[PDB]
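Q: so I pulled this structure from the PDB, and the sequence comes with it:
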Amino acid sequence: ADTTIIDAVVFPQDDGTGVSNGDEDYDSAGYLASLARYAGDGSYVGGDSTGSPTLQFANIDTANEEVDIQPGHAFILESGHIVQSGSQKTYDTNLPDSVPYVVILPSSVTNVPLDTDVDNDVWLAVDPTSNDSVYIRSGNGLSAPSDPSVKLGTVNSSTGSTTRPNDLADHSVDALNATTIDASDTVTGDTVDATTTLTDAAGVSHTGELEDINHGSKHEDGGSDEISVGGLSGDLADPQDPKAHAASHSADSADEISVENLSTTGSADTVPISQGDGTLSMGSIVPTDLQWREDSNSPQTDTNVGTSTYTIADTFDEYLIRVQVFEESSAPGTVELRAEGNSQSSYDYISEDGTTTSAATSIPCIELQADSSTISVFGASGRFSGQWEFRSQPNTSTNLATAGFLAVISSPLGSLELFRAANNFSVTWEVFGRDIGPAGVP
Amino acid sequence: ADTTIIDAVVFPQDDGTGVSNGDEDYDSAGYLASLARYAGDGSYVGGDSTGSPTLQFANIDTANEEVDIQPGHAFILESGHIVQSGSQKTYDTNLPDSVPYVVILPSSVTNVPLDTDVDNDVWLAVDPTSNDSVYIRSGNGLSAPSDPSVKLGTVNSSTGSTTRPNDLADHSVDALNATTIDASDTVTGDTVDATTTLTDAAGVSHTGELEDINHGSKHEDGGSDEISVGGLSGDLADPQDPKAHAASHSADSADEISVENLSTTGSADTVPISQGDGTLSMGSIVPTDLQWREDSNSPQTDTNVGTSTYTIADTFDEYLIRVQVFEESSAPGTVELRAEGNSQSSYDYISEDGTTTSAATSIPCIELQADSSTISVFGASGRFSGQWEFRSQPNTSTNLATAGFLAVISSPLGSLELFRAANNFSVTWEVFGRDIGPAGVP
Amino acid sequence: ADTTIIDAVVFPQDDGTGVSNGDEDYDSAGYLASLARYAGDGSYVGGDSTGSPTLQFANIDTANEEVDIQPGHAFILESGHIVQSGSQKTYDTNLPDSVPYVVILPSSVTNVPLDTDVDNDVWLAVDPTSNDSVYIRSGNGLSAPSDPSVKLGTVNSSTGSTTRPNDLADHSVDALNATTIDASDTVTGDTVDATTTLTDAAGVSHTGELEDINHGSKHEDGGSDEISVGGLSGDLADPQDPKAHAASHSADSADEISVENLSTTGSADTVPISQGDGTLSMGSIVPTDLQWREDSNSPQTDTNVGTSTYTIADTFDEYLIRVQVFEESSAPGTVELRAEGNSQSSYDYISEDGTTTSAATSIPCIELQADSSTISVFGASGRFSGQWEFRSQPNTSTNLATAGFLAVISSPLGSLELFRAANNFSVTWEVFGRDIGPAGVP
Amino acid sequence: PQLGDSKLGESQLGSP
Ligand SMILES: [Mg+2]
Ligand SMILES: [Mg+2]
Ligand SMILES: [Mg+2]
Ligand SMILES: [Mg+2]
Ligand SMILES: [Mg+2]
Ligand SMILES: [Mg+2]
Ligand SMILES: [Mg+2]
Ligand SMILES: [Mg+2]
Ligand SMILES: [Mg+2]
Ligand SMILES: [Zn+2]
Ligand SMILES: [Zn+2]
């Protein structure tokens, strides 16, 4: 692994390095200037005036091996140099630490060999035996030089892939003071301290303090940075204080609390009665037994014989008739209840004391007198009582008659009739039904 | 554009730089020491031992042009030097890269000219023809030196404003290892890795991981960092499960649902009745027709003649008197319904069989009945319904007597009078009104 | 404060430094190379090729003073060197700024003295009077060298504790361009700018933008990064819109609103009546006065003599008996109410007009009438209201009979007997009670 | 001159 470079130069060299006595380098302004350029701590390929690495690869011909190396410079550390102590020309003193050569390449090296179609490691080697002796090693994983050297890079003759790790200075310092710092990859430290601004990868610039995980302590009531819940969705796992909503419960609205669902403490048969005073209370409303019920609140008649069909009621097993009568004071008499030939033929005719009365196809003498008189009816139809008077004020008045009388179903039904000879009655009836059947069942 | 500095020096220079064969710089310890101080990649103004830039501006006289430069050192790069290859004393080899001179100013340069009252660019220039030949260019945008030079800065002769971009080293490295790194401006990196601590601009030190935008996904239930909602303000856009609040709806509390607003499924006329058992049901309460109503629940009398105004009732078109009586068995009999001269003179007199009865300015022959023998009241005022007896046990008892009798309005009103000569009468009445008018309408 | 090192070397030195003309250093490659290694701005201990500080302490022997220094190199700045201006051999020109020496130690220095059992400062001093003249100061706060020196570190002879500030290069630059940057301590910048990635101390990598404090403004509805409240816990400080819950208020569910608690607008005595078609309304249900109430709804009889204890009513002060009857037309007659010898012997016997009837141990002739006649009943027990008739249709039929009759308590109780000679009798009764006491109070 | 064959500061760098 050799390519003895015809024109490379290395500096500096003495009897105290590996050269014979006659073969010490001659001094040049260019050598001192290029040596002064050293900056790193290790061995590295030098950068140009722009800050671009030199000794770069070009014209990688891949599997046909060959590659071009551009000119430039690199620094190579070597240990075991001897120096002259002070005024004594005798090379006498060993250096304790490794110290740099500059390697200057004035020409592009042309079509340097590699192994075919595989990975190769490239090394630049200085031979400390001459002013100038330089060679290159290459090969498929082939060994680095024993001699002072730098790993100029790696080229793969199959893929054409290249990397070079040693291509700018590793630098170790204590404190760095700078205007600006710009790293290609990582910036790292045990404390990154962004005074004035921190910019994230989204390009947002922050000044105020950032947020840690588990900051939920703050968003709650009475913590710093509380949130307003107005407008948010969901249901809370605890039920919430209900806002005013009485009106929503009404008869046909979205909420409908029907009364037959509600509680009451009240005893059986109690009813909510209003007390006035806005308030309900559990009272009891008790209807009577002995229930009587109306059918037809009977028509008026006046200045005329009573238009008597005062009941044409629905069937009730017992009817109670009640009358009010205004008068012909000049000619009172009977409120006739001779009736006529009703649907069934039951009537009885008995009076106040008279014990007997006469009968025909339409009745002879059943009367209800507009005069307090020995005149009554008692039968299956027609149980009567009591007799009124044709006056209040001795001549004329409205405030006159009443009677209460009743009949059973003998016929399933009946209307009731009337007459008065004098014509000039006026009359109102009431009629009410009650219900016990004609046998063993009401 | 020239100011040939009388005392400035430049190093290094030899036959391979631009100097004549004899005019090579004589070597000095100070030159080597100052040259070794080179550190950057470019051309820059050198720092003092403190880390402050040298060659500083002072005493800017503004519109009167002149300006002072303080002593110091700068590094100026030049290409195209020649060197001796190894032992061969002939200058024979060209350097591939630009390499530094040191420029040393031992004195302050005093009152250097500028153009009047405008911007000016300042350049320090080496003439590579002599050991020492140094000059300065200045002017209103006047052309930079063609000779090796550095842009020492810019000065405005109107404003006195100054900047200088080349005042410390640009430095390009591969890996920087440091203790502390402190930039006056930007620390940019394509990854910033704050191990141990990150401090923001507010001076808050974070160790735990920071929060991204769109972290709100976490604050919900069963997420990490869930928040308690207790005490937060606002209304949720969804309505919420209501807490226990039955009692709030009460008669005069905040919520108020009136019973007339509530639903029922019940049929017409149904009423909520308590079944006991805490529960309501929609049954029906049915009052009778043939309604009768009280006025004044009638007074007691005992050991005395009856306090006979047993009612002085409000107008009802019909009244129903009912009596309860305890009787003087030693002298029973007459229950003289004396009823003397009531407001209108309607009466009738008839007995239970006696057909006719006597009358006077006050009642001679109307009685209710202590001894169940024959008597009656029959008239527009006074319809009777049979008699009563003065004994339970054959001698004496309390458990004796009742009757039921009625009167119409003939007078619009009435109060009923009664007497007994025996004295030892005792009594309660009831009275109830009913309402059919004395004409064609109730 | 001295240890004149027998083998240390210093470079460079000329007449332009503190050496005589007999005593100028001889030039060596090793000196030039080691000098070019200078990089920092100040005076510092030089790093090895790894980037580790040289001239390290070893074998600190505590209160027995002695300490070992390992070989290496350090740089020491000195001011006030003189140089040759150009070609002139006369050392004539002052340097404006301080410039470095190299100090090379080829050997370990062994068991160097300190003060006993206290803190000590160690200083390495160049004596600029010879080619190689170097000495070390040490002592308990003993004065640093006057001569060009570096504070090599501090050792405490009591504790064995050591620190050293000057152990690598302080470096000040304008712009740093690097691949990777790594501080052992702080990174500081007036803007920290993480393109691509920021990593916190927890080792989480952020690309998206970070969160500021007071971000709570965003979490609310309509904001970016809204939170859904479903599942969260607590009570909101404002009451919430109540979700549908009508059914929860029911009789024996969790919420319980009893009807007696509720409002009504209704007047006194008003009751919620269902109108039908859902809505309740505040009508009034009015029971009548003149209240009558049942005890035992009477048994049927047919084809048989009356099973006559037809009711056994409780102690109401007045009973109202009502009858319904059917019988054989071959033998109608009396509904016998002769009864038996009752608990108390109250009777009266009066018929319609008959005025009188016979009395015995059991009754001779008290009757109720199948076929309308003079037959009637009046007494303390037993008041009557007339007679029915023996037919409906002329031939045998059910629809024959009713009557109403009443009695007081004479005995506190009673049950009523009956007989009918035809046998082929049939019946139903009603009974109702009414209360007024046999004295001055109901 | 060559390295080593001059005491420092008492010669100019290069060549005749
Ligand atoms: Mg030699
Ligand atoms: Mg080629
Ligand atoms: Mg050489
Ligand atoms: Mg010069
Ligand atoms: Mg010459
Ligand atoms: Mg001045
Ligand atoms: Mg000399
Ligand atoms: Mg030791
Ligand atoms: Mg020396
Ligand atoms: Zn949050
Ligand atoms: Zn509610």
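A: On my side now, so go ahead. Numbering: from 1, shown residues only, chains lettered A, B, ... in the order given. Ligands and ions are numbered 1, 2, ... in the order given.

Q: excluding its backbone neighbours, what's nearest the residue in the stretch 301-442 of chain A positioned nearest to ligand 7?
A: Across the stretch 301-442 of chain A, the shortest distance to ligand 7 (C-beta to the ion) belongs to residue A:314, at 156.8 Å. Any C-beta I mention is one placed from the backbone N, CA and C, and that applies to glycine too. The spatial neighbour of residue A:314 that comes closest, neighbours along the chain excluded (C-beta to C-beta, 6 or more residues apart in numbering or on different chains), is residue A:295 at 5.9 Å.

Q: quick one: that neighbour and residue A:431 touch, right?
A: Yes - Residue A:295 sits in contact with residue A:431 when judged by C-beta atoms under 8 Å, with a separation of 6.0 Å.

Q: picking that back up, burial measure for the residue of the stretch 301-442 of chain A closest to ligand 7, as a count.
A: Residue crowding around residue A:314 was assessed by other C-beta atoms under 10 Å in any protein chain shown; the count is 10.

Q: could you say whether it sits in a helix, a strand or coil?
A: coil (DSSP: H, G, I helix; E, B strand; the rest coil).

Q: before we move on, back to that, residue A:295 and residue A:431: which has the busier surroundings?
A: residue A:431 (23 against 17).

Q: what about the host helix or strand of that one and chain B, any contact?
A: When secondary structure is defined using DSSP states H and E, the element that contains residue A:431 is strand A:426-434. Yes - using C-beta under 8 Å from any C-beta of the partner chain, we find that strand A:426-434 touches chain B at A:426, A:427, A:428, A:430, A:432.

Q: among those residues, who's most crowded?
A: With neighbours taken as other C-beta under 10 Å, the top of the residues of strand A:426-434 next to chain B is residue A:427, carrying 26 neighbours.

Q: re earlier: and for residue A:295 and residue A:431, which residues touch both?
A: Shared contacts of residue A:295 and residue A:431, defined by C-beta atoms under 8 Å, 6 or more residues apart in numbering or on different chains, comprise A:311, A:313.

Q: that older thread, which ones are touching the residue nearest to residue A:314?
A: For residue A:295, the contacting residues are A:311, A:313, A:314, A:316, A:431, A:432, A:433, taking C-beta under 8 Å, 6+ apart as the criterion.

Q: same thing with residue A:186?
A: Counting by C-beta under 8 Å, 6+ apart, residue A:186 has contacts B:189, B:190, B:191, B:192, B:193, C:180, C:181, C:182.

Q: again with residue A:262
A: Counted by C-beta under 8 Å, 6+ apart, residue A:262 has contacts B:262, B:272, B:280, C:249, C:250, C:251, C:257, C:258, C:259.

Q: quick one, phi/psi of the closest residue to the fifth one other than its chain neighbours?
A: Once its chain neighbours are removed from consideration, residue C:250 has its nearest residue in residue A:261; the separation is 4.5 Å (C-beta to C-beta, 6+ apart). Residue A:261 adopts backbone torsions of phi -100, psi -20, taken as degrees, to the nearest 10.

Q: how near is residue A:261 to ligand 5?
A: Distance, residue A:261 to ligand 5, using C-beta to the ion, to the nearest Å: 124 Å.

Q: give me the residue from the stretch 151-300 of chain A nearest ligand 5.
A: Closest approach between the stretch 151-300 of chain A and ligand 5, counting by C-beta to the ion: residue A:169, at 34.9 Å.

Q: and residue 8, how many neighbours does it have?
A: You didn't say which chain, so I picked chain A. In terms of burial, residue A:8 registers 22 neighbours under the definition other C-beta under 10 Å.

Q: looking at chain D here, not the other one
A: Residue D:8 is surrounded by 23 other residues when neighbours are defined as other C-beta under 10 Å.

Q: for residue 6, grab the count of nearby residues.
A: By default, I'm working from chain A. With other C-beta under 10 Å as criterion, residue A:6 counts 9.

Q: try chain D instead
A: Residues within reach of residue D:6, counting by other C-beta under 10 Å, total 16.

Q: still on that earlier bit, and the two most separated of the contacts of residue A:295?
A: A:314 and A:432 (11.8 Å; C-beta to C-beta).

Q: wasn't residue A:319 part of a helix?
A: No - according to three-state DSSP, residue A:319 belongs to no helix; its state is strand.

Q: circling back: direction included, what does the strand holding residue A:431 pair up with?
A: Pairing partners of strand A:426-434, with direction, according to DSSP bridges: strand A:293-294 (antiparallel), strand A:301-302 (antiparallel), strand A:318-326 (antiparallel).

Q: adding distance to residue C:287 and mean neighbour count, write those out as CSV.
A: As requested, the strands paired with strand A:426-434 are arranged in CSV below (distance: least, C-beta to C-beta, whole Å; neighbours: other C-beta atoms under 10 Å in any protein chain shown):
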stretch, distance to residue C:287, mean neighbour count
strand A:293-294, 14, 14
strand A:301-302, 33, 18
strand A:318-326, 19, 22
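
Q: returning to that earlier point: the residue of the stretch 151-300 of chain A closest to ligand 5 touches residue A:45, doesn't it?
A: No - the pair residue A:169 and residue A:45 fails to qualify as a contact (C-beta under 8 Å) at a distance of 9.1 Å.

Q: now do stretch A:343-363: distance to the chain's middle.
A: What separates the centre of stretch A:343-363 from the centre of its chain is 90 Å, taken as C-alpha atoms, centre = their mean, to the nearest Å.

Q: and chain B, is it touching that?
A: Yes - contact between stretch A:343-363 and chain B, assessed by C-beta under 8 Å from any C-beta, occurs at A:352, A:353.

Q: for that stretch, buried residues please.
A: A:344, A:346, A:347, A:348, A:349, A:350, A:351, A:352, A:353, A:354, A:357, A:363 (16 or more other C-beta atoms under 10 Å in any protein chain shown).

Q: and the closest residue to the fourth one other than its chain neighbours, what does it touch?
A: With sequence-adjacent residues excluded and distances taken as C-beta to C-beta, 6+ apart, residue A:348 is closest to residue A:379, at 2.7 Å. Contacts of residue A:379 were listed using C-beta under 8 Å, 6+ apart, and they are A:346, A:347, A:348, A:349, A:350, C:372, C:387, C:388, C:389.

Q: now the phi/psi pair for residue A:379, please.
A: Note on residue A:379: backbone dihedrals following degrees, to the nearest 10 are phi -170, psi -180.

Q: measure it to residue A:363 for me?
A: Distance, residue A:379 to residue A:363, by C-beta to C-beta, to the nearest Å: 11 Å.

Q: do residue A:85 as well
A: Residue A:85 sits 176 Å away from residue A:363, taking C-beta to C-beta as the criterion.

Q: what of residue A:417?
A: Residue A:417 sits 10 Å away from residue A:363, going by C-beta to C-beta.

Q: and for residue A:160?
A: According to C-beta to C-beta, residue A:160 and residue A:363 sit 144 Å apart.

Q: just to revisit the earlier point, so what's the residue of the stretch 151-300 of chain A closest to ligand 5 up against?
A: Applying C-beta under 8 Å, 6+ apart, we find residue A:169 in contact with A:39, A:40, A:41, A:42, A:44, A:47, B:173, B:174.

Q: please enumerate the strands of the stretch 101-250 of chain A.
A: Taking DSSP state E, counting those that start in this stretch as the test, the strands found in the stretch 101-250 of chain A are A:109-112, A:119-126, A:134-137, A:149-156, A:162-163, A:171-172, A:175-178, A:180-194, A:198-199, A:205-206.
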